[PDB]
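Bear in mind these aren't lab numbers, they're just calculated from the coordinates by the rules spelled out. Cβ sites come from the backbone with ideal geometry, for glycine too, and all protein chains shown count toward neighbours.
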Amino acid sequence: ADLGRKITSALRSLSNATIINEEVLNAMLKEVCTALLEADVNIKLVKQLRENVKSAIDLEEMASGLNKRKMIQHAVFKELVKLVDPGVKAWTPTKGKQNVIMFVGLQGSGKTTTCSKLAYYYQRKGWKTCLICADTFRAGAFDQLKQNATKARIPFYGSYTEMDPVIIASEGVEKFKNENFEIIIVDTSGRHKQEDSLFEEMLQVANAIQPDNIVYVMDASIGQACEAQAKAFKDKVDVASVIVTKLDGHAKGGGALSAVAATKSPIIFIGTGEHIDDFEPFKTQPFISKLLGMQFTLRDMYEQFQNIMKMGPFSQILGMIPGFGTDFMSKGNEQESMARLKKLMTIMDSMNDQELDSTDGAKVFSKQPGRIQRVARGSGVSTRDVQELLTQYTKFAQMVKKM
RNA sequence: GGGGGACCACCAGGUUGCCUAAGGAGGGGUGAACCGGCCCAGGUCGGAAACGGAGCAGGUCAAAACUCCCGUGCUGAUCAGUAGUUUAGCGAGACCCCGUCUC
């Protein structure tokens, strides 16, 4: 979210000036290239983007009569497309039946986190996922995967110390082909801080099973050293994809994105932190756009809050829409405003059908002050917080019936 | 957490009356608004945890209080007028005819 501010500052530097000449475009691209280099992005490819922008739109030829800065922002957006993502969306849905997808990461790339949290989105969309943990050389990560996975009702077939990921993955697939499942995600192990050594075993697994998709997990902390690895990743398996993880902990994600774009592949999923909810599919060009340029009852409010928290996760889509304004994007590192909503929902759950189905619950609570005091017995929140909720509901209903 | 006393309200259920014009050891419901108990999701408090406390939704009633019905005794009142019994006459009159007389 820093690169968008740095290029929005470059757009504000284009605006509010009465110059327009080649020097302003030069000084703006001098600030754009500085922002890309401070991300990580390679000065050769950035100067290639710059000379492509100049060869596309010079200012020596006269397209006489022209609204400016709009097609300039569009050309900068277009060249940042023609480098970050190769175009239209990478194919996210569930690819037919039984969906055998392989995952190979790196040591320290949050293999357990990615392989745990990718299943929740397909389970919420309505697709049955099954994880085969062939992480044979990580006995502790077996226990972390099981402790994080038993809260999600997922079957598991895999034992300890068989030393054969081929046999473990094959017996996993042939046992999850029993109850007619749909997605089979196979999580393979780590070795040697992988030089050239696990790809032989992964070719053995692929020759044994013949999977459908192969997705490799990459980090944002590596930066411009992703290229030599990605050459091997895209020469050994052609039909394969990337998941770039760990964005909020580093300032070097754009360099990894530029390395993947220079090695010419589309990216399906992306990770944005350590929490469960920090994964997003790719809406490629609108990600770059959102980055650069931005009778009502108590039961009715409770059900609308149910619908809003049902549209809950969704934060990179719902929070980056034009028309919001400045002074946001942190709100105290984004946690408590989503957390207190469930608390207010339980304060509303401390009400009965009469209070929730009456016409004006604030008027009913003003007529009967013991109804305010009855919420505090079962919600356990303070009566002051109940009264603050009722004043917020009163102002809310006033803004609704005036709205 | 382990134990010794003292007091209040009630229930089951066995004997009962210095008790009634009658006083069921009946059934049901709310148990709300903080004022009965139990199980207590989520949450909160204490704790490093195990776990435990106050306990909300929700469910529950042999045992806080309230209320309804049946039975009960007093008590007005309604219904069918059911029940088993209680003109005529007289005296005068015009003209004509018949005789007499005179000129």
Kindly indicate whether any position in the stretch A:92-111 is in a helix (DSSP H, G or I) and surrounded by 15 or more Cβ atoms within 10 Å (Cβ to Cβ).
yes
Mind checking which residues of the stretch A:43-63 are outside any helix (DSSP H, G or I) and either touching a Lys or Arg at 6+ places or on another chain (Cβ under 6 Å) or within 14 Å of A:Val76 (Cβ to Cβ) (or both)?
A:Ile57
Of everything in the stretch A:263-297, what is among the aliphatic types (A, V, I, L, M) and within 23 Å of A:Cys115 (Cβ to Cβ)? Give them in sequence order.
A:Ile267, A:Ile268, A:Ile270, A:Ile276
The stretch A:193-230, residues that are under 18 Å from A:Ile267 (Cβ atoms) and assigned to a helix (DSSP H, G or I):
A:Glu227, A:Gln229, A:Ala230
As an exercise: evaluate A:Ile132 against (1) surrounded by 20 or more Cβ atoms within 10 Å (Cβ to Cβ); (2) within 17 Å of A:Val242 (Cα to Cα); (3) among the aliphatic types (A, V, I, L, M) and give the number of the one condition it does not meet.
(2)
Mind listing whichever residues of the stretch A:339-360 are more than 9 Å from RNA strand B (Cβ to nearest atom) and touching a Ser or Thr at 6+ places or on another chain (Cβ under 8 Å)?
A:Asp357, A:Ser358, A:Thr359
Tally of residues being acidic (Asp, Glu) and within 24 Å of A:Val400 (Cβ to Cβ) across the stretch A:296-350:
3
Can you tell me how many residues in the stretch A:361-386 are more than 18 Å from A:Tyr302 (Cβ to Cβ) and more than 9 Å from RNA strand B (Cβ to nearest atom)?
3
Restricting to the stretch A:341-362, what's the tally of residues that are assigned to a helix (DSSP H, G or I) and exposed (fewer than 11 other Cβ atoms within 10 Å of the Cβ)?
2
When you scan the stretch A:279-327 for helices (runs of 4 or more DSSP H) that lie fully inside it, which ones turn up with 3 or more residues that are over 30 Å from A:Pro86 (Cβ atoms)?
A:298-310
Failed criterion for A:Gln224 (all others in (1) buried (at least 17 other Cβ atoms within 10 Å of the Cβ); (2) in contact with a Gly (Cβ under 9 Å, 6 or more places away or on another chain); (3) not charged (D, E, K, R) hold)
(1)
